[PDB]
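Enquirer: Residue numbers (UniProt numbering), protein chains in the order written: chain A, 20 to 249; chain B, 1740 to 1806, 1815 to 1838, 1852 to 2083; chain C, 1281 to 1300, 1310 to 1598, 1602 to 1623.
Note that the Cβ used here is the ideal one computed from N, Cα and C, for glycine as well.
Have a look at this one.
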Amino acid sequence: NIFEXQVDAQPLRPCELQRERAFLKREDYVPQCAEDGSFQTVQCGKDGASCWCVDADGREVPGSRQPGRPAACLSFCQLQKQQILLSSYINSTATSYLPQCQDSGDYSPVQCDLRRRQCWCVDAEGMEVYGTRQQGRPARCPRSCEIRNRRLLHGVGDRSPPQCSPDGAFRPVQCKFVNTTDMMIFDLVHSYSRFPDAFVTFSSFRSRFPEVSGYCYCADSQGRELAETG
Amino acid sequence: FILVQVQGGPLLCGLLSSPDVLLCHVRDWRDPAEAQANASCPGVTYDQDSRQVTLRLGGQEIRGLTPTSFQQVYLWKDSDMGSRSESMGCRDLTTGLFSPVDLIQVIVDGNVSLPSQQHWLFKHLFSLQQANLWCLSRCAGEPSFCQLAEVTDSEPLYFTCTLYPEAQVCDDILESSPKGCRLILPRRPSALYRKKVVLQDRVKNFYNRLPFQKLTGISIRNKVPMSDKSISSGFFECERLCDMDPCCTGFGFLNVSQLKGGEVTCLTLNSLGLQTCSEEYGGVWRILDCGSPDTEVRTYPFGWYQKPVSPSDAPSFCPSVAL
Amino acid sequence: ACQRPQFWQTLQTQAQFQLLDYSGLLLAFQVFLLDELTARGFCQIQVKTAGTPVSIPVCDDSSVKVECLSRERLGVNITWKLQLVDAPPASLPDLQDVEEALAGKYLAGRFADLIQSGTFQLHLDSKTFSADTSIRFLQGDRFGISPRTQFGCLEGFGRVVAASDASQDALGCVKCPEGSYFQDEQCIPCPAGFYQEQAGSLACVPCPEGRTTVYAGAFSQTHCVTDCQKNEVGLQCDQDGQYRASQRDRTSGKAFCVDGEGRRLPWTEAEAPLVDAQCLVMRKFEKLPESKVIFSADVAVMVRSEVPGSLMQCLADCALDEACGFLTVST
Ligand SMILES: *[C@@H]1O[C@H](CO)[C@@H](O[C@@H]2O[C@H](CO)[C@@H](O[C@@H]3O[C@H](CO)[C@@H](O)[C@H](O)[C@@H]3O)[C@H](O)[C@H]2NC(C)=O)[C@H](O)[C@H]1NC(C)=O
Ligand SMILES: *[C@@H]1O[C@H](CO)[C@@H](O[C@@H]2O[C@H](CO)[C@@H](O)[C@H](O)[C@H]2NC(C)=O)[C@H](O)[C@H]1NC(C)=O
Ligand SMILES: *[C@@H]1O[C@H](CO)[C@@H](O[C@@H]2O[C@H](CO)[C@@H](O)[C@H](O)[C@H]2NC(C)=O)[C@H](O)[C@H]1NC(C)=O
Ligand SMILES: *[C@@H]1O[C@H](CO)[C@@H](O)[C@H](O)[C@H]1NC(C)=O
């Protein structure tokens, strides 16, 4: 479970919103969500008597409902390929892009148009990472923690850069600073750039920022704070 | 008169009377991949569309009967064009995008390599007001090539409207101001107008920070001070300035004059030169250039940034740069 | 041509089953069937290693081919191609171990049971396409009841050993050389006017528009040649591969000038050597046959310039007159 410190709007994905609303209304079907917040491709029912497959939006794929767990469900990358191809047959469209899926079923990190002319990087949900479209395969697709850090420099979110692993993923332990006076997140990106000498020791840090305390927590794969670990 | 010989086809011989704008010059950067539908400059088009090559010269389109090679116009220089009796049986929202350039900043070296697109607007129907508006409107219609538009009236029959890409040339000194940057144009322009840079909302490239801290033999395109901004805002602007330059291969976001306290600076580059002094290597044994104390390029988010590596090269009009 | 042979690089098995309208685009069903095969794990080999199991991909976009045989019964071809560079040498030591992993209980035996059962159906907009219980295996033009493997080469490598006698010779793959491109298991020489410089390529780079190649199988940029350089009649050429304006005959020292094309202009053949600069001016004139000339009264330019010490010189005077339209020369 995730619950961030300062944010007013929690970064909950649609499955996690529909799961919480259903558990509250004591419905007999409560959506099952993956660790990253996506719908699991197999959705069970009350006691698992009936189970079906779903698409990326949680909509049941017709003909899949079954007593017992379905033997195989198409991934969201593969289910998008079907809807594009049927669309052209149903509604004439000269396709320019068909998703490329890894053999595990997830989206390939690099996605190319059918002319192999333009390519871009997608996230784990098939969504284009902005600024990655170019001619030919991108040499190195940025990872989630690196993307979060760049968007922070463009004015998105708070001013505390998350700590990244060498591969570009989030480190499991995330640490930020809190200004205890106004109870706000300490502006780390600007303070570090203007006062790099204040970060040599904790003696020099608390001399310059005497009201600032540390706040660390466990983060999930998307960098979101796990509930009640701060 | 116009003379046209499509390759191994019929030969056209058009006569001209009171033309308004001669438009395509043999030495003009033409867009390598430009749709023939969008009034492509060379009139010939649709070669064998249905085995017929249409010619849209003048204002009149030849049917297309053609089974290119030579195409020229000729002009009677000492013409009576402007002073001719009519009985002889003859026949503002864009000016705000530009800003005049102080002609003094221009250096005139006739030998410079600068691609251009020339036009002749004839004076018998063009006033200097209209010529300045025709020239500016045409520059704003070529958003991939034209950064500068100059107008000249040093000729008796026509105004000259030549469009340039960015003409600024800088030295490789890491400094916050553009004082070693000059405009080099082949001729003195009567009026020189620069399209105002407009920053898009989003960045178009995901720039990669170089691991190297020292660059040798760089080529700078522009120097912009950023000390009146937050570090986050300055980085965001530096990214979008290199986005707007088709010849930019990367930028530097750094403190210069660090011995006097440092000044936040954006340097757009069209060549990164020799990249040395990586933080990952040279730990026990360093031989290359390192340790420049008047520059701060280490602290996040300072650094040298590269536009993502693509096998598609820069536009052909971009200046050639070599170590 | 002569290159180093290499070992067989790929292994291949093919099976056929039937899916139970026409005159339509079936290539959609090729993607749909591959997705269903991928979903149930028939496009990977899983090797029971000690710790982490490696996965060998055995499919591509060409793996599934469908043909329409009769109404309500489609014909499906499935082809598993293993690249030997992906087979882990620690888990599958011998090439026999690789064959049995591709044609045994983990890939092909596990797929024959699924088809023979009756539990393979494809979900397509609430419609169901269940598969017939019959499955057949290619065995070298004779569809048998047991899978046989077939050796092959990688993308850029041409076959030099026939498929049948792959059991006899192990070196069956050669990389396409510098003069060549790859298509369809063969290495084909760059055609005339095209050149390739790097081996194992898929196409031939065309020569620059002003140049071509004298023969096929060109293997460098310099092999693209102009019309002058190819010329064999002895005409000398300047740099940049353009015809030298001034020429001298092979048999005699007699000197003549040629046009932009190699056409040898007559009436410029003179005993005195002509410098190229002398031919440039004469190249800009044309000599009129008598049929185009009329002898009658007209007016002559009165130029009284320093009289020479000369047709070559006389033409040059007209070449800078800007009023001279033409001239005549006496004997
Ligand atoms: C890059 O250059 C900028 C601008 O020169 C540097 O920012 C400046 O940093 C200094 C010291 O870190 C700030 O000076 C003052 O320091 C006293 C301590 O005696 C302190 O009491 C003041 O509140 C103030 O911080 C100066 O304000 C600051 N200027 C701006 C515009 O932020 C920056 O440090 C340089 N970056 C690096 C990595 O060297
Ligand atoms: C922590 O937050 C407090 C706000 O309560 C900051 O103190 C304020 O600083 C501004 C200047 O930016 C002054 O105008 C206010 O009067 C201050 N308020 C109080 C109550 O003193 C403080 O600067 C913050 N600390 C850091 C390190 O950011
Ligand atoms: C499915 O596979 C079979 C067997 O490889 C193909 O049948 C062969 O087709 C080729 C080309 O038409 C012939 O030269 C062979 O003689 C055929 N062999 C047999 C045993 O019939 C068939 O064409 C494939 N179908 C598709 C759609 O690719
Ligand atoms: C530029 O080149 C021209 C001719 O090539 C020459 O006349 C002129 O002197 C040159 N300019 C210099 C050398 O500054």
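1) Which residues in chain A have a C-beta closer than 9 Å to the C-beta of B/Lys1964? List them in chain order.
2) Compute the minimum distance between the beta carbon of C/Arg1431 and the heavy atoms of ligand 3, and state whether it is under 8 Å.
3) Which residues end up in the neighbourhood of ligand 2 when you take C-beta atoms closer than 5 Å to any of its heavy atoms?
4) Within the continuous beta strand (DSSP E) that includes C/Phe1287, where are the two ends?
5) Give the range of the alpha helix (DSSP H) segment to which B/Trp2064 is assigned.
6) Can B/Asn2015 be considered in contact with ligand 1, in the sense that its beta carbon sits closer than 8 Å to one or more heavy atoms?
7) Please list, in chain order, the residues of the stretch 1317 to 1342 of chain C that have any C-beta partner in chain A closer than 7 Å.
8) Using a Cβ-Cβ cut-off of 9 Å, state whether A/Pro81 counts as contacting chain C.
9) Which residues mark the beginning and the end of the beta strand (DSSP E) in which C/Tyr1470 is found?
10) Is it the case that the Cβ atoms of B/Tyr1924 and B/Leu1945 are separated by a distance below 9 Å?
11) To the nearest angstrom, how far is it from the Cα of C/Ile1345 to the Cα of A/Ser69?
12) For the alpha helix (DSSP H) containing A/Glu39, list its first residue and its last residue.
13) Can you pull out the residues from the stretch 1977 to 2006 of chain B whose beta carbon lies closer than 7 Å to at least one beta carbon of chain A?
14) Does DSSP classify C/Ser1406 as helix, strand or coil?
15) Say the cut is 8 Å; is the CB of B/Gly1870 nearer than that to a heavy atom of ligand 4?
16) Got a sec: is the Cβ-Cβ distance from C/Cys1348 to anything in chain A below 9 Å?
17) Taking the alpha-carbon of C/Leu1314 as reference, which of A/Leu105, A/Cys63, A/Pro89 and A/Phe42 has the nearest alpha-carbon?
18) State buried or exposed for A/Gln101, treating a residue as buried only when at least 16 other CB atoms are found within 10 Å of its CB.
19) Short of 6 Å in beta carbon distance, which residues of its chain neighbour B/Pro2075, apart from the five on each side in sequence? Order them along the chain.
20) Relative to ligand 3, what is the chain-ordered list of residues with a Cβ closer than 5 Å to any of its non-hydrogen atoms?
21) Rounded to whole angstroms, what's the CA-CA distance from B/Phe2013 to B/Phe1996? Just pull it up for me.
22) How is C/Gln1292 classed by DSSP in three states: helix, strand or coil?
23) Mind pulling the alpha helix (DSSP H) runs of 4 or more residues that sit fully within the stretch 1879 to 1938 of chain B?
24) In the stretch 171 to 201 of chain A, which residue ranges form an unbroken beta strand (DSSP E) of at least 3 residues, counting only runs that do not cross its ends?
25) Return yes when the C-beta of B/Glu2023 is under 8 Å from any heavy atom of ligand 1, and no when it is not.
26) How should residue 1636 of chain C be labelled, buried or exposed, when 16 other C-beta atoms within 10 angstroms of its C-beta is the threshold for buried?
27) Quick one: which unbroken alpha helix (DSSP H) runs of 4-plus residues sit fully inside the stretch 1453 to 1522 of chain C? Chain order, please.
28) Taking 8 Å as the cut-off, is the beta-carbon of B/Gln2018 closer than that to any non-hydrogen atom of ligand 6?
29) Locate the beta strand (DSSP E) running through residue 1601 of chain C, then write down its first and last residues.
30) Below 6 Å CB to CB, which residues in the same chain sit around B/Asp2054 once its five sequence neighbours on both sides are set aside?
31) On the three-state DSSP scale, how would you describe B/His1764?
32) Assuming B/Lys1964 contacts B/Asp2003 (C-beta within less than 8 Å), just tell me the rounded distance between them.
33) Please report the straight-line C-alpha distance between A/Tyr234 and A/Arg213, rounded to a whole angstrom.
34) Cβ atoms of B/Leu1970 and B/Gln2035: under 9 Å apart, would you say?
35) Check whether the Cβ atoms of C/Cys1496 and C/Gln1485 lie closer than 9 Å to each other.
36) Return the residue from the list A/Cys194, A/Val80 and A/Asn110 that minimises the CA-CA distance to A/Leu245.
Expert: On the basis of the data shown:
1) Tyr149, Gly150 and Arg152
2) yes
3) A/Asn198, A/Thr200, A/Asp201 and A/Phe228
4) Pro1285 to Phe1287
5) Element bounds for B/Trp2064: not the alpha helix (DSSP H) but the beta strand (DSSP E), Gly2063 to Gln2066.
6) For ligand 1, a non-hydrogen atom lies closer than 8 Å to the CB of B/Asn2015.
7) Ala1317, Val1320, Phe1321, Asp1324, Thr1327, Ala1328, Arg1329, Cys1332 and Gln1333
8) yes
9) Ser1469 to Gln1472
10) yes
11) 34 Å
12) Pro33 to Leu43
13) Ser1990, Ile1991, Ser1992, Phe1995 and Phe1996
14) Residue state, collapsed to three classes: helix.
15) Correct: B/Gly1870 has its Cβ closer than 8 Å to ligand 4.
16) Interface residue, yes.
17) A/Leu105
18) buried
19) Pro2006
20) C/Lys1354, C/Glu1356 and C/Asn1366
21) 10 Å
22) strand
23) 1888 to 1900
24) 192 to 198
25) yes
26) Here chain C comprises residues numbered 1281 to 1623, so residue 1636 of chain C is not present and cannot be evaluated.
27) Complete alpha helix (DSSP H) runs here, min 4: 1516 to 1519.
28) Among the ligands in the structure shown, ligand 6 does not appear; only ligand 1, ligand 2, ligand 3 and ligand 4 can be found there.
29) Missing here is residue 1601 of chain C; chain C as given proceeds from 1598 to 1602 without the residues in between.
30) Here the set comprises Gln2018 and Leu2019.
31) coil
32) 5 Å
33) 22 Å
34) yes
35) no
36) A/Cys194
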